[PDB]
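**Q** Okay, here's the structure, questions in a sec.
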Amino acid sequence: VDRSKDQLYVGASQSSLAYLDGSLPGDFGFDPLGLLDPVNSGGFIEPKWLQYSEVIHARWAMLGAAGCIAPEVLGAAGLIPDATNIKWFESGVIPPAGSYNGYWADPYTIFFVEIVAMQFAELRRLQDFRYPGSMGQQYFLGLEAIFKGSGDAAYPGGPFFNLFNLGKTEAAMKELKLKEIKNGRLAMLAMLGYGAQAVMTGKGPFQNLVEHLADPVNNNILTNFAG
Amino acid sequence: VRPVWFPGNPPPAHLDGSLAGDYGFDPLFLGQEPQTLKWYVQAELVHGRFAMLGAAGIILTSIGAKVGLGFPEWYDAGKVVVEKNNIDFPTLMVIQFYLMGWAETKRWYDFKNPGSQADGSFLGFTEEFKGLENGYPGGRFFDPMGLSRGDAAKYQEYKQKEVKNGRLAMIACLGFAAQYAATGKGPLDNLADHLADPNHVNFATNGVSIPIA
Amino acid sequence: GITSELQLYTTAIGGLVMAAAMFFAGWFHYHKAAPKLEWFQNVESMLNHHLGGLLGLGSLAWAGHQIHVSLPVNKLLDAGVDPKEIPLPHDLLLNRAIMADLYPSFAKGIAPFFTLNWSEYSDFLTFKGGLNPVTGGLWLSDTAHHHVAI
Amino acid sequence: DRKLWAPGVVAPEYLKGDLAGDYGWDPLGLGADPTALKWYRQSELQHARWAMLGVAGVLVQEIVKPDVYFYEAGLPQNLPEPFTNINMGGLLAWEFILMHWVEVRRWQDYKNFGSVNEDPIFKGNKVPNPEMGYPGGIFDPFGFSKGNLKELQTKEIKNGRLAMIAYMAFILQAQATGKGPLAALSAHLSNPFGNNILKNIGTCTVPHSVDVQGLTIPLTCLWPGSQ
Amino acid sequence: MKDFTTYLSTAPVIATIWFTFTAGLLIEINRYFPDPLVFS
Amino acid sequence: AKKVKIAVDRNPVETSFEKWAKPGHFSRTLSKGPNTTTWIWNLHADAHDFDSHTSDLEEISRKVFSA
Ligand code: CHL
Ligand code: CHL
Ligand code: CLA
Ligand code: CLA
Ligand code: CLA
Ligand code: CLA
Ligand code: CLA
Ligand SMILES: CC(/C=C/C=C(C)/C=C/[C@@]12O[C@]1(C)C[C@@H](O)CC2(C)C)=C\C=C\C=C(C)\C=C\C=C(C)\C=C\[C@@]12O[C@]1(C)C[C@@H](O)CC2(C)C
């Protein structure tokens, strides 16, 4: 996967150029396994679902990448009490790695609210993919006015999801989508970096960066194989 | 058009909204056959109506227990009533099935042959057992106030109210059983505990509902 | 390395979930997304995945279990430790200190693997042969090196 | 042509400047139903008018009686000498009876506009009630309604909206810092950097519960602050 | 549902239910009246 | 040089209990129903003989994969 920008990436192949025509955001021709070929597609391996899933992964990853390091950066700057300067994997998500006592409820009590809240958010989002525009019809406390969608599942738009109606022009919107995808793809790799770095070193993402800057040669992946 | 249990999913063909409380919820297509749907429509109402009596009775007696009037919990009333009043349980059970058997057999053969119980055979009563709809007896015995014989628009509104309070009562009666099994305390004993510390006293912390907790 | 009926119980529940997944897959790949004939005739592709993917990764994955779960647990069981007092498999995985006590090679991490000092792992990747005198079965350290080689 | 809440944002169709203080702001689209918009407009007036009295009461009460600490002013023992330790049960009885009458009259006006203008006891008395929520008449003895009524409505709602925000600032500041609005303002001036939200946000100074003449009343902060 | 109830009416399904019922009745009788040899 | 790729057909068959109530549907010979007891044995003997139900290799492969 060619880093940076370019017309085509390293893995671009003549076979993938058949259907990759630049219509999708961040379409750099990289599809060595040819999972986006329209011909004889079905199930979840089809262009509409795979492109939709990438954006959803991009947006969750962007929140995760910024949220898995902010407590360490803010804690390092003294803007939050040291009691909350906690590594992302020691928040309580993985109790064996570490858990934080001091939340207003037991982490399982909080999880049930997460289940119910995400059931509504995710199943309503799904129903717009299966039946476009269907969430703007049945009464939902008057909120159905903002759930009418825009025909494209990954980009609902509307009064809320496009609060400040940025990208009014077609050219402007394409650039914003490209910027969203590149930041999202970068964050997805960052999250994978957090997970791999946590296992290899056992420290937070911020600690690894600080140590690397201290002695870059003596602190890197190669030296962390043994300690 | 009309709201459904799963927004965005078209309602089933066999559920057209004519029935009360119809939200097009039949994922297993149990009532696809029209004649079987009549049987279940009445089964739901009988289940719902009993649950409403059960829930109201359990709630009221629980309030009596908390206030200290001496009522036993719903899960101990049966033993207390029999012993305190010196009642032979097998005799009381038999009496119940004679009265329920007679009353409920009449409802059974009105479903099979509607209007058959209003032929004057039973003590000469010829109009109190005719029946209005499936599951809605009507008449001046089951509906003495004639709220089903007055305004037609409001009577349809009540049918909506009856089924939804019935479904809510049915869920509540399942809550009473599940809560007692998990906690071993009365209904309002659980409510008092939750109000004390809602964050730290609920099903996620009882040590039973979520074993991995 | 199974030491409690809870561990047996969880596998049974996982077995039923897999059974449900298998029946869903059969329904899905016949009634919903059925592969075409040209798909079934990629014999070269099928062998590649079944050799390196099914047998290959399956053997490597099981070697991971033996190196991290079976070997430590059975080393203590043979020593006479009460089963209830043996460390749980996840404690062995999270605490490299415990593993170092049983097998000192773990004190060096995975650096020997990448530096080709594979002889460092001689303590748990053995070539003894024969039968374990205490239990009368093959050495599990021999079995781990078998599945790593395979 | 009116200015909107944000630059270059399209106002909703149903918001066309008819109502006062209309910036075309409705991200949740709660005004889509015309009947719902009327009801929400009334509640905005109620919150706006009650909030303005609330802000004025807190500020004026602080100046006249600095030590009362309005947050605790509800306790019977803190009442003025004539009403000190009054039976709260009887005190509530007056409010329920009097407010139930007044509010049902206002409610019936919304249900059937113009029905409840006339006095029930003394025949002949009436209020103009030019618009719903603006009874006028006896409610406007000085006759400011005459003239540019539209401008006055704009002034009322804009000040009222500011009061709503301002009052909830008083509540959160009292919960976090334990001081009234003016007292907190003085504290910030003394030590602008040491004493600010960055430090006080983590503490909730409200006791778990209070005993009012033998009746236990639960209390809470608006966030899970460190008690 | 009509077709599904038709499937349950097929000979193998009926026999399984019928013998499951018949066997259960005999098993239960011998659970409450163990070792019956003479009518008595 | 036919490329190696995923290839499927969408909704090839409908999920219904209709054919569960029509024994022998898979075979032309047995679809007419029984006249002698020999039909019953023929139903179970030929149930999984996919290659004889249809001459289409694709249909045969799909049944094998799901079976
Ligand atoms: C605008 C109205 C209003 C506001 C904003 C406050 C605000 C406050 N009062 Mg005050 N009061 C108000 C009106 C009144 N208070 C009192 C009497 C008291 C007392 C005696 C006390 C307070 C206290 C408090 C605090 C409560 C903190 C809390 O979490 O309470 C909310 C807690 C709740 C349990 C209620 C939350 C829900 C909602 C507000 C009530 C809704 C009730 C329904 C109408 C009930 C309907 C029942 C159904 C079955 C029909 C806070 C500073 C306490 C204080 O100073 O603490 C330091 C205190 O001790 N107030 C009276 C009687 C004259 C009021 C009459 O209108
Ligand atoms: C051949 C016999 C015969 C049989 C098997 C039945 C069977 C039945 N008849 Mg009956 N009938 C029979 C002959 C006749 N019936 C009728 C006329 C009717 C009518 C009109 C009705 C029945 C009904 C019924 C059913 C009642 C079900 C139930 O739970 O009852 C429970 C039984 C009782 C509650 C009564 C018996 C209680 C107990 C054994 C005796 C107690 C006596 C004491 C004095 C009690 C005192 C207590 C006080 C002091 C507190 C049942 C299927 C009813 C039905 O379901 O119709 C759809 C019904 O409405 N029958 C006539 C007259 C023409 C008959 C003539 O031979
Ligand atoms: C013999 C096994 C088998 C085979 C050969 C296939 C083959 C196929 N399946 Mg099917 N499938 C199977 C089992 C199988 N499936 C099972 C058991 C299920 C139920 C869970 C499904 C559910 C399923 C769905 C829902 C879909 C397919 C699809 C496909 C097609 C594309 C598959 C692909 O590219 O995957 C590549 C794999 C991925 C993209 C996912 C990788 C990660 C998965 C989720 C987990 C893998 C776990 C791994 C093996 C072990 C990890 C160990 C450890 C780290 C925990 C292809 C015809 C798709 C289709 O029809 O396309 C046209 C499709 O939509 N399958
Ligand atoms: C996917 C996103 C995500 C998730 C799941 C988490 C999860 C977590 N974060 Mg992280 N975080 C994220 C993104 C995320 N974060 C991002 C993007 C940032 C950078 C901005 C941060 C910055 C951050 C910090 C600095 C801290 C955390 C912490 C936490 C933990 C505690 C959460 C908590 O107490 O919330 C509290 C809950 C809420 C904020 C939601 C309130 C919900 C109520 C009902 C709203 C009511 C609204 C009201 C009525 C009206 C509006 C009022 C308003 C105008 C004032 C938890 C593990 C804390 C931690 O690790 O503690 C040990 C911690 O200190 N996160
Ligand atoms: C409820 C879901 C469902 C439904 C309604 C259908 C419906 C249909 N399927 Mg599909 N199918 C499903 C699930 C379903 N399928 C699943 C889960 C799979 C994966 C295995 C398949 C795989 C599949 C294939 C491969 C084929 C069908 C076919 C059919 C058609 C006829 C099936 C028939 O006659 O079955 C009646 C058959 C049975 C009731 C036998 C059940 C056998 C199962 C596996 C249980 C085995 C138990 C075992 C013997 C226990 C030991 C016995 C011992 C103790 C004595 C029909 C359109 C056929 C078709 O379309 O032909 C044109 C066809 O070829 N289906
Ligand atoms: C498939 C088999 C397998 C597996 C799974 C493991 C696994 C492990 N081995 Mg073992 N090992 C194996 C085979 C295996 N081994 C074999 C064959 C040998 C013989 C050569 C060894 C020899 C060996 C030694 C000598 C040691 C280990 C160790 C380890 C542990 C740490 C490895 C490490 O440093 O990773 C470094 C980093 C990674 C593996 C990358 C992790 C990537 C993560 C999962 C990405 C997550 C991303 C995701 C998006 C983030 C979550 C987000 C979400 C929460 C929202 C680990 C549990 C070490 C240990 O601790 O032992 C107790 C150790 O010292 N192994
Ligand atoms: C993503 C945001 C986030 C999240 C989820 C948390 C979560 C938590 N914080 Mg932290 N905190 C944050 C950001 C966050 N904080 C920031 C930015 C600051 C600096 C103002 C602080 C300062 C702070 C303190 C001083 C304390 C906590 C504590 C807590 C715990 C809850 C109890 C409490 O009193 O919280 C109070 C915290 C808040 C109300 C912050 C809400 C932040 C929102 C959700 C994000 C938007 C803020 C916005 C940019 C405005 C900032 C201020 C403004 C003047 C510029 C919990 C672990 C407590 C703790 O450590 O308990 C052991 C505690 O005492 N936090
Ligand atoms: C009524 C009110 C306050 C009343 C206070 C009173 C009577 C106080 C009385 C006393 O204090 C005294 C004087 C003295 C003390 O000793 C005693 C008490 C008794 C304590 C505040 C309302 C306060 C109300 C507030 C803050 C409301 C804010 C609403 C917002 C921002 C809504 C925004 C949007 O809904 C829109 C408009 C459109 C959508 O599309 C988008 C979103 C974003 C959803």
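Please note: Cβ atoms are built from the backbone with ideal geometry, for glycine as well, and neighbour counts cover all protein chains shown. None of the figures in this text is laboratory data; all of them are computed from the coordinates on show.
**Q** Label point 7 Å out from B:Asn9 along Cα-to-Cβ: which residues of segment A:128-161 have amide N under 14 Å?
**A** A:128, A:130-131
**Q** When the Cα centres of segment D:195-227 and segment C:1-53 are compared, how far apart do they sit, in Å?
**A** Cα centroid to Cα centroid, the span is 55 Å.
**Q** Kindly provide the helix-only [θ] at 222 nm of chain B, computed as the sum of -39,500 (n - 2.57) over DSSP H runs of four or more divided by all residues, to the nearest 500 deg cm²/dmol?
**A** So the calculated ellipticity at 222 nm is -18000 deg cm²/dmol.
**Q** To continue, here is another question. Loop only by DSSP, 16 or fewer other Cβ within 10 Å of the Cβ. Give me the chymotrypsin sites (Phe, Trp or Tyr not before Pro) in segment B:70-154 that pass, ordered by residue number.
**A** B:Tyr75, B:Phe122, B:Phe125
**Q** Same structure, new question: From the cross-link list B:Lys106/B:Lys164; A:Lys48/A:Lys168; A:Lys203/C:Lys84; B:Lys38/B:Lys185; B:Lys164/D:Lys16; A:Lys177/C:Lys32, which pairs have alpha carbons spaced over 29 Å apart?
**A** In this structure, A:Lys203/C:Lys84; B:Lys38/B:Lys185; B:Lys164/D:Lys16; A:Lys177/C:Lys32 exceed 29 Å between Cα atoms.
**Q** Using just the helices of chain C, give the 222 nm mean residue ellipticity in deg cm²/dmol: DSSP H runs with n ≥ 4 each add -39,500 (n - 2.57), and the total is spread over all residues, rounded to 500.
**A** That comes out to -14500 deg cm²/dmol.
**Q** So which DSSP H runs in chain C come out at 27 Å plus along the axis (Cα) with average Kyte-Doolittle of at least -0.5?
**A** C:5-27
**Q** Find, among the chymotrypsin sites (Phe, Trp or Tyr not before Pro) in segment A:132-227, those assigned to loop by DSSP (not H, G, I, E, B) with at most 12 other beta-carbon atoms within 10 angstrom.
**A** Passing sites in segment A:132-227 are A:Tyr139, A:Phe164.
**Q** Taking amide hydrogens as modeled 1.01 Å from N in the peptide plane, which residues meet the under 5 Å criterion relative to D:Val212, leaving out close sequence neighbours?
**A** Counting only residues 5 or more places away or on other chains, the set is D:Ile217.
**Q** Among the DSSP beta bridges whose two residues both lie in the protein assembly as shown, what percent are antiparallel, rounded to the nearest 5?
**A** 90
**Q** For the pair F:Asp51 and B:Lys112, how long in nm is the line joining their label points, each one 7 Å along Cα→Cβ?
**A** So the two model labels end up 5.7 nm from each other.
**Q** Could you compute the FRET efficiency for B:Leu92 and D:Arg105, with r as their C-beta to C-beta distance and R0 at 60 Å, rounded to 0.05?
**A** Efficiency, rounded to the nearest 0.05: 0.60.
**Q** Test of the criteria: in segment B:109-191, which trypsin sites (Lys or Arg not before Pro) are in a DSSP loop and have at most 11 other Cβ atoms within 10 angstrom of their Cβ?
**A** Loop-located and lightly packed - none at all.
**Q** Answer rounded, prolate or oblate for chain A, using the Cα gyration tensor with square roots of eigenvalues a ≥ b ≥ c: rounded when a/c is under 1.5, else prolate when a/b is larger than b/c, else oblate.
**A** It is oblate, given that a/c is not under 1.5 and a/b is not larger than b/c.
**Q** Skipping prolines and chain starts, which residues have an amide H placed within reach, meaning under 5 Å, of the one on F:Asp9, given they are 5 or more residues away or on another chain?
**A** Amide H to amide H, under 5 Å and 5 or more residues apart or across chains, F:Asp9 pairs with C:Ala34, C:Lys36.
**Q** Let me ask something additional. Can you give me the Cα centroid spacing of segment E:25-40 and segment B:108-166 in angstrom?
**A** Value for the Cα centre distance between the two parts: 48 Å.
**Q** I want to check the label-to-label distance for F:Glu59 and C:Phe23. Put each point 7 Å from Cα in the C-beta direction and report it in nm to one decimal.
**A** Between F:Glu59 and C:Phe23, the label points sit 2.7 nm apart.
**Q** Using the alpha-carbon atoms, what tilt in degrees (0 to 90, nearest 10) does helix E:11-32 show relative to the longest principal axis of chain E?
**A** Around 20 degrees separate the two axes.
**Q** Could you tell me the calculated FRET efficiency between D:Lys150 and A:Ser150, based on Cβ-Cβ distance and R0 = 35 angstrom, to the nearest 0.05?
**A** E between D:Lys150 and A:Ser150, to the nearest 0.05, is 0.45.
**Q** Given DSSP loops and a limit of at most 16 other Cβ atoms within 10 Å, what is the longest stretch of chain D that contains no such GluC sites (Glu not before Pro)?
**A** Answer from the scan: D:119-227.
**Q** Right, next: Give the angle, between 0 and 90 degrees and rounded to the nearest 10, that separates the Cα long axis of helix B:34-67 from the longest principal axis of the Cα atoms of chain B.
**A** Tilt relative to chain B: about 40 degrees.
**Q** Roughly how far apart, in whole Å, are the Cα centres of segment D:87-151 and chain F?
**A** Centre-to-centre distance over Cα atoms comes out at 79 Å.
**Q** Looking at the square roots a ≥ b ≥ c of the eigenvalues of the Cα gyration tensor of the protein assembly as shown, which shape do they give, rounded for a/c under 1.5, prolate if a/b is larger than b/c, or oblate?
**A** Oblate is the answer for the protein assembly as shown, as a/c is 1.5 or above yet b/c matches or exceeds a/b.
**Q** So for the pair A:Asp2, A:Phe225, with labels modelled 7 Å out along Cα→Cβ, what separation do we get in nm?
**A** 3.2
**Q** Still on this model: Of A:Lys87/D:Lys199; A:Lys179/F:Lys2; F:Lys2/F:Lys22, which ones are farther than 32 Å apart at the Cα?
**A** Where the Cα-Cα span goes over 32 Å, the pairs concerned are A:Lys179/F:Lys2; F:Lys2/F:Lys22.
**Q** What FRET efficiency would be calculated for the residue pair D:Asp18, B:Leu28, taking the C-beta separation as r and a Förster radius of 51 Å, to the nearest 0.05?
**A** 0.50
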